[PDB]
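Colleague: Have a look at this one before I ask anything.
All of the numbers you see were taken from the coordinates with simple rules; none came from a lab. In this analysis, Cβ positions are derived from the backbone assuming ideal geometry, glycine residues included, and neighbour counts consider all displayed protein chains.
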4 protein chains.
Amino acid sequence: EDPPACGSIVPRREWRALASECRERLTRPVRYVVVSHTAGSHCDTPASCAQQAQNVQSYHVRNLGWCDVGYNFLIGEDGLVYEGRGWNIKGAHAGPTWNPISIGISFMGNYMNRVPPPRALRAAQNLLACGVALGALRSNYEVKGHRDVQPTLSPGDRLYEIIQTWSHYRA
Amino acid sequence: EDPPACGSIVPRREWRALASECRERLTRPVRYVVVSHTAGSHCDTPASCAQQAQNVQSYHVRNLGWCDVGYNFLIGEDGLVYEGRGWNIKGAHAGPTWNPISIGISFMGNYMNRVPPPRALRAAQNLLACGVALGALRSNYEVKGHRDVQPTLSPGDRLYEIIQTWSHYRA
Amino acid sequence: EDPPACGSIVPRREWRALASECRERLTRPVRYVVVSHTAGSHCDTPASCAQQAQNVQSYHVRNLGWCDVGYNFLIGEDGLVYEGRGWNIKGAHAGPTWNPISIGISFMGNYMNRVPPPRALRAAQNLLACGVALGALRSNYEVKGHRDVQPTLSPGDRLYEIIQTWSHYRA
Amino acid sequence: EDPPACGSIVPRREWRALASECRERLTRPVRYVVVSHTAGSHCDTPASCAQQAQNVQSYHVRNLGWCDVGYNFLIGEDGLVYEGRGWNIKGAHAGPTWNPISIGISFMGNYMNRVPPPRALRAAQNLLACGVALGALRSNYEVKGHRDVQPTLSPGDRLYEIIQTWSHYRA
Ligand SMILES: O=C(O)CCCCCCCCCCC1CCCCC1
Ligand SMILES: O=C(O)CCCCCCCCCCC1CCCCC1
Ligand SMILES: CC(=O)N[C@@H]1[C@@H](O)[C@H](O)[C@@H](CO)O[C@H]1O
C-alpha cells in the first residue's frame, strides 16, 4: 500500500506527440478492452517505436482530422507502452458502440502471420493490471479482439490467437 | 424523368441474403462513395461469389450482431455487383461521420498484393454510373478510399493505387 | 435459456388488467426499443399508477379495439414498471413497420413540459438491461424515440432530450 | 455521479441522506443476508418512504451516534429499495457476530400482525439477485430472519413466516 502501484509508460511528450484536442471522457471503471494492431510496420527500440507512434498519430490527425491518435495506448516491440488518449479520454478505434465503453490498445505492427515478442505481450498485460489497480478498468474487465467488434483482420491472426487464451478474454 | 435499367446487380434473394433488419435511410442524392475491400478471400464465379457475399454478411450479422452486411454493394471478381443495403439504406462501413453521407462499395477479396480484374473494376464504375442516372448519387460525387476516412489498409495498396486515378476521386 | 429471472415488474394481475387476446409473438432477440409517453395523466403512487395502467389498457381495448394495452411495458413516476404485453408479444405502439421489430415502453404522463423523475428513468433503463439479460433484447439493442419512427410529439420534448443521452440511443 | 444500476435503488442523495462517516468495509463475496423490519412507521409512496428512511437514519446517527443508518438497504412498501450503507460497507443491524459476515436489509414498518405488499417483497429478492450480479453476494447466499440470529421479534411474525418460504432461506 503504496498508492500508484503500476506501469512505466512513455508519456506523450516523451514521444513528441501533438497536443490532443479531445475532450470526451470515458466513465471509469471501464469494462471493455479492445486489442487491435496498427497493421503497419513494427519497431523495436525506444527511438523507432517513439517515431512510429508519431506516424500513427500523424495519420489520424493530419489525414483523418481526428482530435488525437485513435488508441488509448500503443504497445511497442521495444517492450514499452506509449501513451495515447489514455485512461480517461474516449478513443476512436472501435466504432461508436465500443469506443465510449472501452479502452483501445493497439500493438504497433502487423501480426497476421507474426507474433509480438514476449516483452510486448508482458507490457500489454502489465498495462491492464495497472488499469485495474487504478480503478480505470473493472476488476473483471473483458478483452475483445478488434475483429470481434468491427469488420477487420485486426489484431492479426497470430495475436488474435494469443489474446483468446487470456484470463479476461470474452468473445 | 426518364430512367434506365442500369442494374446488372444481383439481388439479395439471388445470393440468398439473410433478411435485413436495417431501418436508417440515406437521403438522395448522396455525395460520397467509399471504396473498401473485405480483406477476405476472393471469388471469380457467380456461384463462389454468391457464397462469399453470404459469408461476409454472416460475419457482420451473426458475429458482429449488425442489422445487415455493412456495405451498400459488394463487387465480385466474377464481374457482378451484389446488392448489400442498396441505395436507400445507410451502411455501416466507414464510421459515423461518413456512413450517413456516403454509399460504401467493397470489392470482395484482399487487394494489398493483387489488383481486382478489369471486369470487377468495370462493374464498380458501371454501378456508379448507374447511381448517377438513378439520382441516387450526385452527378459530381466524390470517391474516397476507406483508408482515407478511417484507419485501415483497406481497400488494399494496389486497389487504392487504382482508385486514386479515377475521375471522381478526391483528396 | 438462463434460470436467473430479472427485474421487479408489477404483473398484469396486480394492476388488475383485463386478460389479453393478443397472439402474434415477437422474434427474440429484439433489436429496437421505442420510447413513448402516454400523453395522459401521471401518477406517483403504486395505487394511482396501477389505476393509470388500467385506464390506458381500457382505452386501448375498449375504444381502439386492440387485443391488449398496446405497450409492452409502462413506466410510472412511482418508479415501478407495469407489465404490458411483455417481452414475447407484439405490441401496438409504433406503427406497422416498427411494432413487429420492437419493444414499446411508455412513460405514463405527458412529458412535453415535464421530465419524469429519476426513479422512473431508472426503472426504464433497468428493465432494458433485464431484457438483454433475458435474451428478449439484443445486447446491442438500439433505443428510439417514438418521434424518430413516427410523426409524433411522443415521448415529449423533455423526455426525448433525456433519452438522447442514453448510451443505446440511435436517432 | 455513480448512477448505473441496478435493482433500481433510490440513491443516498435522493432520499436526502446525511453523509455517511463509516469506514469499515465488508469482504465480498458476502455469505449471509439478514432480514429485519424497522419496527417504525411504514410508508407506501416514494415521498413518504424517502421521509421514512431519513427518519430511521436520523435516529441512528443523531441519537445512537452511529456513523450511518445501520442497514445496508431499506425496503419501502412503495416497492422501492433505499440505499443505506450499501454493498461495500459493514452495517450495524444484527450484532458483532453477524454484521461483518452479512448484508442487512430492512423492511420499513412493523410486520408482526402485518405483511409487506408483493412489490415490497419483489424489490427485496430483485435486490438480492443484483447483489450476486456484482459479486457483493455469493450465489450460495443464505437468508436469515433477524430473529434467527438475535433475540428480537424483528422482522415480525408475519414477515418472518414469508421469508421462510424463500428459496435461499436457512433456519
Ligand atoms: O471516439 C470518437 O469517435 C471520438 C473521437 C474524435 C475523433 C474521431 C472522429 C470521428 C469520425 C468517425 C471515425 C470513427 C473511427 C472508428 C471509431 C468511431 C469513429
Ligand atoms: O443505469 C441506470 O440508471 C439504470 C440501472 C441499470 C440496471 C442494472 C443492470 C444490472 C447489472 C448491473 C450492472 C451495473 C453494475 C454497476 C456498474 C455498472 C453496471
Ligand atoms: C459496431 C458499430 O456500431 N459500428 C457501426 C458504425 O460504424 C456506424 O456508425 C453505424 C451506422 O449504421 O453502424 C454501426 O453498426
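Colleague: Could you work out the Rg to Rh ratio of the stretch A:1-93, with Rh taken as the Kirkwood radius (inverse of the mean 1/r over all Cα pairs)? Walk me through the numbers before you get to the answer.
Modeller: Working: Rg = 13.3 Å, Rh = 13.9 Å.
The Rg/Rh ratio comes out at 0.96.
Colleague: What residue of chain C has the nearest C-beta to the axis that moves C onto A, and what is that distance in Å, given as a whole number?
Modeller: Minimum Cβ distance to the axis, with residue: C:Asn140, 1.
Colleague: Suppose you put the label 7 Å out from Cα in the Cβ direction; list, shortest first and in nm with one decimal, how far A:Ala171 is from each other copy's label.
Modeller: 3.6, 4.5, 4.9
Colleague: Looking only at A:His60, A:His37, A:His146, which one moves most when chain A is put into a Gaussian network model with springs between Cα atoms under 10 Å?
Modeller: A:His60
Colleague: On alpha-carbon atoms, Rg over Rh for the protein assembly as shown using Kirkwood Rh?
Modeller: Working: Rg = 28.7 Å, Rh = 28.1 Å.
Rg/Rh: 1.02.
Colleague: Number of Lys pairs in the protein assembly as shown with C-alpha atoms less than 18 angstrom apart, excluding same-chain neighbours closer than eight positions?
Modeller: On the way: A:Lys90/A:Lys144; B:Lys90/B:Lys144; B:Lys90/C:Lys144; C:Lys90/C:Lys144; D:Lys90/D:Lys144.
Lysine pairs, 8 or more places apart or on different chains, close enough: 5.
Colleague: In nm, one decimal, shortest first: how far is the label point of A:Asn88 (7 Å from Cα along Cα to beta carbon) from the matching points in the other copies?
Modeller: Taking the point 7 Å beyond Cα along Cα→Cβ, the inter-copy spacings are 1.9, 4.8, 5.0 nm.
Colleague: Among the DSSP beta bridges whose two residues both lie in chain B, what percent are antiparallel, rounded to the nearest 5?
Modeller: The antiparallel fraction comes to roughly 20 percent.
Colleague: Okay, moving on. Would you work out the Kirkwood radius for chain C? I mean one over the mean of 1/r across all pairs of different Cα atoms, in Å.
Modeller: Values: mean 1/r = 0.0640 Å⁻¹.
By the Kirkwood definition, the hydrodynamic radius is 15.6 Å.
Colleague: Translational D (Stokes-Einstein, µm²/s) of the stretch D:102-148 at 4 °C and 1.567 mPa s when Rh comes from the Kirkwood sum over C-alpha pairs?
Modeller: On the way: Rh = 12.0 Å.
Rounded, D is 108 µm²/s.
Colleague: Given only helices, namely DSSP H runs of n ≥ 4 each adding -39500 (n - 2.57), what is the per-residue ellipticity at 222 nm of the protein assembly as shown, to the nearest 500 deg cm²/dmol? Could you put the intermediate results ahead of the total?
Modeller: On the way: 15 runs with 160 residues, N = 684.
Using -39500 (n - 2.57) per qualifying helix, the result is -7000 deg cm²/dmol.
Colleague: A follow-up question, please. Taking chain B as a Gaussian network, where each spring joins two C-alpha atoms under 10 Å apart, which residue of B:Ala39, B:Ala124, B:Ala94 fluctuates the most?
Modeller: Ranking B:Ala39, B:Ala124, B:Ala94 by mean-square fluctuation puts B:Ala39 first.
Colleague: Here is a follow-up. Do any GluC sites (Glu not before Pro) in the stretch C:15-102 lie in a DSSP loop with no more than 13 other beta carbon atoms within 10 Å, and if so, which? Please report the intermediate quantities before stating the final value.
Modeller: Numbers: sites: C:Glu21, C:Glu24, C:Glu77, C:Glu83; in loops: C:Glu21, C:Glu24, C:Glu77.
When the GluC sites (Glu not before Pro) of the stretch C:15-102 are filtered for loop state and at most 13 Cβ neighbours within 10 Å, C:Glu21, C:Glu24 remain.
Colleague: Please work out the Cα center distance from the stretch D:67-129 to the stretch B:67-89, rounded to the nearest Å.
Modeller: 57 Å
Colleague: Evaluate the charge dipole of chain A about its Cα centre and quote only its size in Debye, nearest 20, assuming +1 on the Cβ of each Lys and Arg and -1 on the Cβ of each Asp and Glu. Kindly include the intermediate steps, with their values, before the conclusion.
Modeller: Details: 18 positive and 14 negative charges, 67 e Å.
It comes to approximately 320 debye.
Colleague: Okay, moving on. Suppose we keep just the DSSP beta bridges with both residues in the protein assembly as shown; what percent of those would be antiparallel, to 5? Let's see the in-between values first.
Modeller: Values: 16 of 81 bridges.
Of the beta bridges lying entirely in the protein assembly as shown, close to 20 percent run antiparallel.
Colleague: Next question. Mind listing the label-point distances from A:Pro46 to the same position on all other copies, shortest first, one decimal in nm, points 7 Å along Cα→Cβ?
Modeller: Ordered by distance, the counterparts are at 5.7, 6.4, 6.6 nm.
Colleague: What longest region of chain C stays clear of trypsin sites (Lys or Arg not before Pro) that DSSP places outside H, G, I, E and B and that have at most 10 other Cβ atoms within 10 Å? Kindly include the intermediate steps, with their values, before the conclusion.
Modeller: Working: sites that count: C:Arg13, C:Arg23.
With trypsin sites (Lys or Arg not before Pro) excluded where exposed in loops, chain C gives C:24-171 as its longest stretch.
Colleague: With chain A treated as a Gaussian network of Cα nodes joined by springs under 10 Å, which of A:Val143, A:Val61, A:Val34 yields the largest mean-square fluctuation?
Modeller: Greatest mean-square fluctuation among the candidates belongs to A:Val61.
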